[PDB]
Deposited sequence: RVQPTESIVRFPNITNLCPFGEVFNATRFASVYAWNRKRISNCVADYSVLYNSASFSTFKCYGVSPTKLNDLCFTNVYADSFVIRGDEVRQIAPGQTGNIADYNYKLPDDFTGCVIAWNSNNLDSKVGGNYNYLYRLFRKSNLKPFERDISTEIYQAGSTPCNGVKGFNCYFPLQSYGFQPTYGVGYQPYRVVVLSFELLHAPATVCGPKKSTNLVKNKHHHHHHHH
């Protein structure tokens, strides 16, 4: 009951689509960061503002574990100062992001033959997301003067597009699970110290 429940986030059997990204608030526990990195089975483990190792002696008030699934090429978009569909309209890290981005290929978990249409991403949006904003709207996108009134058609599109993950895709198009750890500041989540 002391250790931070990082297995709940990382080892979970199903992840949210990037548009409806998941946030687990983490407070009052100790964070290993040895088990997390040193079991380096992750395709990406980048830490902005903090050394990845020599991190488990520092205390914070709470830490947020955001989790989702994107395609392989889109992992590089999960970083401060990036632009693109995922950064603009699904998940935007702040320009001064202090925390770690961890990502691993999940083709064996999230690709069905014939395509997995569960995982979606927001294709149409008028403005870019504010950092750490979550948009879960399904209202029809109005690309023209004529109002859509919730029907598809010309200038009227459904805002979310499915990844359709097939296991025969290029690795940049295979599913990739992503956990973004943000550290935020009486500090109570600490490392082993």
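S.K.: Going by C-alpha coordinates, which parts of the deposited sequence are missing from this model?
M.R.: Model skips 1-14, 200-202, 211-227 of the deposited chain.
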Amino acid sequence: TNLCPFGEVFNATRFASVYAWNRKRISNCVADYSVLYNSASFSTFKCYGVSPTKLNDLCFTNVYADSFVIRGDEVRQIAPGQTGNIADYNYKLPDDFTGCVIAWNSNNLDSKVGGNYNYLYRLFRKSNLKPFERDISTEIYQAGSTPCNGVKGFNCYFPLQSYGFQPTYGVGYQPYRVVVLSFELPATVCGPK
From here on, numbers count along this sequence of modelled residues.
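S.K.: Tell me which stretch, 27-35 or 40-48, has the higher mean Cα B-factor listed in the entry.
M.R.: According to the entry, 27-35 carries the higher average C-alpha B-factor.
S.K.: According to the Cα B-factor stored in this entry, which of the following is highest: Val178, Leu185, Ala20, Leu181?
M.R.: Of the options given, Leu185 has the highest CA B-factor in the PDB entry.
S.K.: Have a look at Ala65, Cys59, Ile70, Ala143 and flag the one whose Cα has the highest B-factor in the entry.
M.R.: Out of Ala65, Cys59, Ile70, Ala143, the record gives the largest C-alpha B-factor to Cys59.
S.K.: Considering only modelled residues of the same chain, in which third does the CA B-factor of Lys126 rank: lowest, middle or highest?
M.R.: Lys126: CA B-factor falls in the middle third of its chain.
S.K.: Once the chain's modelled residues are ordered by C-alpha B factor and cut into thirds, is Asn149 in the lowest, middle or highest one?
M.R.: Tercile = highest for this residue's CA B-factor.
S.K.: Please place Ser162 in the lowest, middle or highest third of its chain by C-alpha B factor as given in the entry.
M.R.: Within its chain, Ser162 is a lowest-third residue by C-alpha B-factor, going by the deposited values.
S.K.: Select lowest, middle or highest to describe the third in which the CA B-factor of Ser137 falls within its chain in this entry.
M.R.: Lowest third, going by the recorded CA B-factors of the chain.
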